[PDB]
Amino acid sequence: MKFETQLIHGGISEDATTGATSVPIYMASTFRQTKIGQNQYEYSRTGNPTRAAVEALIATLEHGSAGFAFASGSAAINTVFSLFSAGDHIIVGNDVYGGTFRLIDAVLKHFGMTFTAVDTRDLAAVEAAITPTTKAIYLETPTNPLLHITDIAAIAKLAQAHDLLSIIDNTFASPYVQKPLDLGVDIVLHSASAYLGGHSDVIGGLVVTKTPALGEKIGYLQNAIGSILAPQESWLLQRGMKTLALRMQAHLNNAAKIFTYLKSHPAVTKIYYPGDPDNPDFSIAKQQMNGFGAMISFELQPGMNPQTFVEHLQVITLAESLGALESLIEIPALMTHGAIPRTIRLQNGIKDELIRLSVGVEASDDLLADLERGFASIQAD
């Protein structure tokens, strides 16, 4: 079936017993067994029909064999790194979500894991960073918040040639835009809190593995650590995923128009956007991404107050998060990336004045009218 049909009917989308057109929400913590060990479900944390349903869906969408739903994107990441042990070495991208930087520095390094940050746009630099004790490569593409694009297929071949896990954080793209397991990657994960839920009303994470052997290891850690996605939220997450494609098209059309409009403003000095033809990422972006994503970051002229700008928007919402129906806007350095020290932020290209815009699905004319309220307030229209 085609992708839009899989959103509506893929995974488990029905209750086989009743024919119900929605997967029932199994709040039950436990399950009566008639003879020990022959039940399909035993304990809600270990598995239950509602969570299994959204888990089957994301596996279908990402073209993986197994999916796993977690209480948050961060918990999904924490579980995946629980594959590694003291003395393992990991290669990480140098533009990541501030919370992933926090997990690495404040938790995983205490467990004896060691990390080297690399610009994964430079595959020479990636291969140079590989050591005999290296075990995996972890990167987001496009990145949070600079939207750097990494050649996934190239990273995956590099990874295969050295017996490394390749791990792609696919949050920003979504399986509608990018299916990294189709490019050789071992593990893909999402913060479902963004596009996959899409309604600004659910926190969760998703992991999909290509092979069943790696699925058995993730599933074992999922049950062992217990950072599971609750049944109500699993159900809400699936419901929102059903409109993923319809939402994404609106998202992407609106972003294309926002980019063009942002470039028509002299108040804007720099724009980060995978669809910029001047951007040297642009060719690998058009090859591996179905569209250019709905994130855009930009700087204003050095005299211009970003706080003043974002605080004078009226449709666009000043908030953390992204991928919601409503446009969200943020200053990474004061908000989602405050967890990264300022000196490190600035070495890796996150200026204190950078603005991150998650383009919603509102009417584009209303969005542009709103953005000009922001330019007007810094004398820049």
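The first residue of the sequence shown is number 1, and the count goes up from there.
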Between 3-11 and 371-379 (mean CA B-factor, as deposited), the higher: 371-379
Comparing 256-264 with 277-285, the one whose average Cα B-factor in the PDB entry is higher: 277-285
Residue selected from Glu353, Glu62, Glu55, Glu330 by maximal Cα B factor: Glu353
Selection from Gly303, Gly73, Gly293, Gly98 [criterion: highest C-alpha temperature factor in the record]: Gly303
Third of chain Cα B-factors occupied by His312: highest
Chain-wide C-alpha B factor ranking for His110, given as lowest, middle or highest third: middle
Within-chain third of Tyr26 by Cα B-factor, per the entry: lowest
Among modelled residues of the same chain, the CA temperature factor third for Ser44: lowest
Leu189 by Cα B-factor - lowest, middle or highest third of the modelled chain: middle
